[PDB]
$ cat final_19.txt   # compact mmCIF, C-alpha atoms
# COMPACT_ATOMS: atom_id res chain seq x y z
CA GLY D 403 82.00 91.65 129.29
CA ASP D 404 79.80 92.94 126.50
CA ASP D 405 79.96 89.63 124.64
CA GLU D 406 77.90 87.98 127.37
CA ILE D 407 75.25 90.70 127.35
CA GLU D 408 74.94 90.46 123.57
CA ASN D 409 74.89 86.65 123.39
CA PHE D 410 72.21 86.72 126.08
CA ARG D 411 69.99 89.41 124.54
CA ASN D 412 70.41 87.92 121.07
CA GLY D 413 69.81 84.45 122.51
CA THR D 414 72.16 81.49 121.99
CA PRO D 415 74.65 81.76 124.86
CA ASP D 416 75.50 78.13 124.17
CA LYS D 417 77.50 79.17 121.11
CA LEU D 418 79.67 81.39 123.31
CA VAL D 419 80.18 78.54 125.79
CA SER D 420 81.13 76.07 123.07
CA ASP D 421 83.56 78.47 121.40
CA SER D 422 85.11 79.31 124.77
CA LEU D 423 85.54 75.63 125.62
CA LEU D 424 87.21 75.06 122.25
CA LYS D 425 89.55 77.97 122.93
CA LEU D 426 90.34 76.57 126.39
CA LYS D 427 91.16 73.16 124.94
CA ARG D 428 93.40 74.67 122.26
CA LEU D 429 95.23 76.78 124.83
CA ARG D 430 95.74 73.73 127.04
CA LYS D 431 97.15 71.73 124.12
CA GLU D 432 99.59 74.54 123.36
CA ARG D 433 100.43 74.64 127.07
CA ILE D 434 101.22 70.91 126.98
CA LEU D 435 103.30 70.87 123.79
CA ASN D 436 105.86 73.13 125.47
CA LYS D 437 106.45 72.05 129.05
CA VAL D 438 104.70 74.63 131.23
CA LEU D 439 102.35 73.97 134.14
CA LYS D 440 100.78 77.23 135.33
CA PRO D 441 97.82 78.23 133.13
CA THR D 442 98.00 81.72 131.68
CA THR D 443 95.68 84.54 132.69
CA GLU D 444 93.46 84.29 129.61
CA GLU D 445 92.72 80.66 130.45
CA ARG D 446 91.58 81.67 133.94
CA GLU D 447 89.42 84.37 132.38
CA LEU D 448 87.78 81.98 129.92
CA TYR D 449 87.11 79.53 132.76
CA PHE D 450 85.53 82.24 134.90
CA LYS D 451 83.44 83.42 131.95
CA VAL D 452 82.12 79.94 131.21
CA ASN Z 17 117.90 44.85 97.59
CA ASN Z 18 116.79 42.73 100.54
CA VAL Z 19 114.02 40.14 100.30
CA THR Z 20 111.78 39.30 103.26
CA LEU Z 21 108.49 37.44 103.53
CA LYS Z 22 106.56 40.72 103.49
CA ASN Z 23 108.32 41.93 100.34
CA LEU Z 24 107.79 38.62 98.54
CA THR Z 25 104.09 38.39 99.38
CA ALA Z 26 103.56 42.04 98.45
CA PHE Z 27 105.31 41.54 95.11
CA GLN Z 28 103.31 38.43 94.23
CA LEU Z 29 100.02 40.02 95.28
CA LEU Z 30 100.82 43.16 93.29
CA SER Z 31 101.49 41.11 90.16
CA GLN Z 32 98.26 39.13 90.60
CA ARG Z 33 96.18 42.26 91.19
CA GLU Z 34 97.69 44.02 88.19
CA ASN Z 35 96.92 41.07 85.93
CA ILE Z 36 93.33 40.77 87.13
CA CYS Z 37 92.67 44.51 86.92
CA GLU Z 38 93.98 44.28 83.36
CA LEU Z 39 91.53 41.48 82.59
CA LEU Z 40 88.59 43.70 83.55
CA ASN Z 41 90.13 46.58 81.55
CA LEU Z 42 90.36 48.73 84.69
CA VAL Z 43 93.90 49.95 83.96
CA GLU Z 44 95.61 52.09 81.32
CA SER Z 45 99.27 51.11 80.88
CA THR Z 46 100.14 53.09 77.76
CA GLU Z 47 103.17 54.72 79.38
CA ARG Z 48 104.72 51.41 80.45
CA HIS Z 49 103.82 49.60 77.23
CA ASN Z 50 105.32 52.39 75.10
CA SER Z 51 108.42 52.75 77.26
CA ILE Z 52 109.05 49.02 76.87
CA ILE Z 53 108.31 48.92 73.14
CA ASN Z 54 109.73 52.45 72.67
CA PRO Z 55 108.93 52.94 68.96
CA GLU Z 56 111.72 55.51 68.68
CA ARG Z 57 114.12 52.82 69.89
CA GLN Z 58 112.49 50.47 67.38
CA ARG Z 59 113.27 52.83 64.50
CA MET Z 60 116.82 53.39 65.77
CA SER Z 61 117.46 49.65 66.04
CA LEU Z 62 115.97 49.04 62.60
CA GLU Z 63 118.24 51.63 60.99
CA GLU Z 64 121.23 50.15 62.83
CA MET Z 65 120.32 46.71 61.49
CA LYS Z 66 120.04 48.14 57.98
CA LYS Z 67 123.45 49.81 58.24
CA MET Z 68 125.11 46.64 59.55
CA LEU Z 69 123.49 44.61 56.77
CA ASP Z 70 124.72 47.06 54.13
CA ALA Z 71 128.21 46.89 55.64
CA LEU Z 72 128.21 43.09 55.45
CA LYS Z 73 126.83 43.28 51.90
CA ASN Z 74 129.48 45.66 50.56
CA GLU Z 75 132.56 43.98 52.08
CA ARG Z 76 132.36 41.20 49.47
CA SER G 154 86.08 58.30 86.72
CA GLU G 155 84.91 57.37 83.23
CA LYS G 156 88.21 55.96 81.94
CA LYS G 157 90.51 53.48 83.68
CA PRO G 158 90.89 54.61 87.32
CA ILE G 159 94.40 53.15 87.75
CA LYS G 160 96.82 54.39 85.05
CA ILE G 161 99.84 52.28 85.93
CA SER G 162 103.24 53.82 85.14
CA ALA G 163 106.90 52.78 85.46
CA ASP G 164 107.49 54.09 89.00
CA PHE G 165 106.46 51.05 91.12
CA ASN G 166 105.80 53.38 94.04
CA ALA G 167 102.80 54.99 92.40
CA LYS G 168 101.94 51.66 90.78
CA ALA G 169 102.06 49.87 94.13
CA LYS G 170 100.11 52.66 95.83
CA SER G 171 97.34 52.74 93.23
CA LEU G 172 96.63 49.04 93.89
CA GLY G 173 96.55 49.25 97.68
CA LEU G 174 100.00 47.99 98.63
CA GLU G 175 101.77 51.18 99.72
CA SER G 176 103.19 50.59 103.20
CA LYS G 177 103.75 46.89 102.42
CA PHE G 178 107.30 47.51 101.15
CA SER G 179 108.62 49.40 104.20
CA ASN G 180 110.13 47.56 107.15
CA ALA G 181 108.15 49.20 109.95
CA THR G 182 105.42 51.82 109.94
CA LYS G 183 105.74 55.39 111.20
CA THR G 184 104.43 56.15 114.69
CA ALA G 185 104.37 59.14 117.03
CA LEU G 186 105.98 57.66 120.16
CA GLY G 187 109.36 57.29 118.46
CA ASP G 188 110.59 60.84 118.92
CA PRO G 189 112.43 62.10 122.02
CA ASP G 190 110.30 65.26 122.10
CA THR G 191 107.03 63.43 122.73
CA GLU G 192 108.84 61.19 125.20
CA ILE G 193 110.10 64.19 127.17
CA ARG G 194 106.60 65.67 127.13
CA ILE G 195 104.94 62.48 128.38
$ encode --input "final_19.txt" --output "structure tokens"
Amino acid sequence: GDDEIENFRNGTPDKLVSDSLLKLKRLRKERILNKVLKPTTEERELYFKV
Amino acid sequence: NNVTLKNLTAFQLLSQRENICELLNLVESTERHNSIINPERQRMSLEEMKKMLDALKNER
Amino acid sequence: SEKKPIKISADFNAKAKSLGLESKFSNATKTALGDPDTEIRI
């Protein structure tokens, strides 16, 4: 995606990685609070991006 | 309405701490001290005493 | 800050709290593992 190209050209990709990991953790917490096992598509996409 | 060891110790410790904090003047208890004295109630009671005394005076 | 930092009143639940002893009048504390929802989730 374009976010990666920007956060590479403008330096600091680590900020993108940290924000994406926070989003992954939040999504997993929401996935635990209601009983569901299969991760959604956006979680797979964030994992692949990281 | 029930009294257990925890309640008793908490009550005693609260009383002690309140007294000590009052010694160091670290507490302002104007609300409590004026709800207990209640100067309005003082005036009411004084006027009631005066009326009762007048009643006893005039019955003779 | 400048004046007396306590200001005791005639409530005994704010009075007890302002002097530290707040949970010390309840039987047992409040925890998270006591609800059936968290139990079902675990």
$ closest_atom_pairs --input "final_19.txt" --of "chain G" --to "chain D" --cutoff "9 Å" --atoms "only C-alpha atoms" --output "tab-separated table"
residue	atom	partner	partner_atom	distance
G:191	CA	D:435	CA	8.4
G:193	CA	D:437	CA	8.9
G:194	CA	D:437	CA	6.7
$ atom_distance --input "final_19.txt" --atom1 "atom CA of residue 23 of chain Z" --atom2 "atom CA of residue 171 of chain G"
17.0 Å
$ closest_residue --input "final_19.txt" --among "Z:40, Z:69, Z:60, Z:26" --to "residue 158 of chain G" --atoms "all atoms listed in the file"
Z:40
$ interface_residues --input "final_19.txt" --of "chain G" --to "chain Z" --cutoff "8 Å" --atoms "all atoms listed in the file" --output "list in words"
residues 157, 158, 159, 160, 161, 162, 163, 169, 172, 174, 177 and 178 of chain G
$ atom_distance --input "final_19.txt" --atom1 "atom CA of residue 28 of chain Z" --atom2 "atom CA of residue 167 of chain G"
16.7 Å
$ atom_distance --input "final_19.txt" --atom1 "atom CA of residue 449 of chain D" --atom2 "atom CA of residue 426 of chain D"
7.7 Å
$ residues_around --input "final_19.txt" --residues "residue 421 of chain D" --least-positions-apart "4" --cutoff "12 Å" --atoms "all atoms listed in the file" --output "number ranges by chain"
D: 414-417, 425-428, 448-449, 451-452
$ residues_around --input "final_19.txt" --residues "residue 440 of chain D" --least-positions-apart "6" --cutoff "12 Å" --atoms "all atoms listed in the file" --output "PyMOL selection string"
chain D and resi 429-430+433-434+446
$ axis_aligned_box --input "final_19.txt" --around "segment 432-437 of chain D" --padding-each-side "5 Å" --output "JSON"
{"center_x": 103.0, "center_y": 72.8, "center_z": 126.2, "size_x": 16.9, "size_y": 13.8, "size_z": 15.7}
$ closest_residue --input "final_19.txt" --among "D:432, D:418, D:439, D:424" --to "residue 405 of chain D" --atoms "all atoms listed in the file"
D:418
